[PDB]
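In structure tokens, the next block holds one chain alone, the form deposited in one PDB entry.
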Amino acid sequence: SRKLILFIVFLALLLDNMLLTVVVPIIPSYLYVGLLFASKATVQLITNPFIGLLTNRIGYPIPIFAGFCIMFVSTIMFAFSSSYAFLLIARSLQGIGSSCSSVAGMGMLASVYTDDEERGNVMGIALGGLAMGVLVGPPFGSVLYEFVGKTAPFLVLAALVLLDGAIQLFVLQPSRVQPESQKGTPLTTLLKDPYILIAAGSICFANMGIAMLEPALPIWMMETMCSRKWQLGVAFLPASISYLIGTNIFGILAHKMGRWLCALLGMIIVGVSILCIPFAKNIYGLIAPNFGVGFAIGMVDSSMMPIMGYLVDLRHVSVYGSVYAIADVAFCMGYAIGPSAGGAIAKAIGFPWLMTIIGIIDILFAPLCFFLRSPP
């Protein structure tokens, strides 16, 4: 019964992303900044190779259990810490624990579900845990912040974090270090492969699109359309709901459609949607492009996550910690320098021109995905 491992990875991703999306609106309010926001992604980017090597020395369960212990301490510190230095330390600890959870859980899903289609299906659900977490983070945080108090959301998360830990002690039960069998291809060998580079680049550019869109779209809104406070929250809501739907459907569906074709169509759709965003004049005109952006990024992510495991299964040694380190690096590159570069370029040349540049880059990189098809 490997469904318990799937449940634990689903819950770990869900709770990690709930914490990630809950800490966002509260802290500026609690403190009343870019380095604090980017510290999690930077630390995760730095420690991804080390976790990729460590899971090959001691196994997956011990790094996964430590992810809960660091997550529990990070959650407890988040509840009581009121200093910027301690918030930064907690954020970086969350980065280390999220690196452990992401890399080791994706590796254990890939090593437990070795089927090519079941792997896509179960990473569809697991990434759907991430989508559900990003969906219900802000609402849960806001309601429990208004009703009970500032530290109430952190304590409830801490209770389920402990409960995930009890199942983790019951079945993961990592009493002792057990070494893996075979040595993975060095990271340098992995980084010379052009197709792994193309897959990572597609993930990086598609995700950097949304990473620079999400904090810069309201900046355009308050100056052009003068939207009210709730409209900003509801404007990006179709993106999140469509990301949930796209992840859950396309984890199942992209194998039949074709992962290369699904990625290419997602790249074109996100490029055209980003190109059409500057033409919109009101929220009803933004419902369709945001839905398309989220839908297409769901296609791309749910099609390129299993392809990273497929690439090493085809070309290299089948150890997944180190290649999912690269896959997570692709995300962290977009999510680390995203807001800063987006703001800088928007101030320099303009927001519509920035989005046109993103669309052109996406559209021109889309033909590169043609090489990802299987030779037969």
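Under this definition, the rigid core comprises the largest set of C-alpha atoms superposing within 1.5 Å between the forms. Residue numbers here begin at 1 and follow the sequence given.
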**Message:** So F351 is built in this one, but is it left out in a third or more of the other compared PDB entries that include its neighbours?
**Reply:** no
**Request:** Can you check if, in at least a third of the other PDB entries compared, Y32 has no modelled coordinates?
**Result:** yes
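Not on display, but discussed next: the form deposited in another entry.
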**Prompt:** Relative to the superposed core, which single residue of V134, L217, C262, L187 shows a CA shift of 2 Å or more between this form and the one not shown?
**Reply:** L217
**Message:** Once the core is superposed between this form and the one not shown, does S202 show a C-alpha displacement of at least 2 Å?
**Reply:** no
**Message:** Superposed on the rigid core, does the Cα of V73 end up 2 angstroms or more away between this form and the one not shown?
**Reply:** no
**Request:** Determine whether the C-alpha of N290 shifts by 2 Å or more between this form and the one not shown once the rigid core is superposed.
**Result:** yes
**Message:** If the C-alpha spacing of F205 and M221 moves by 3 Å or more in the other entry, is that a move closer or farther apart?
**Reply:** farther
**Prompt:** Given that the CA-CA distance for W220 and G266 shifts by 3 Å or more in the other entry, does it become closer or farther?
**Reply:** farther
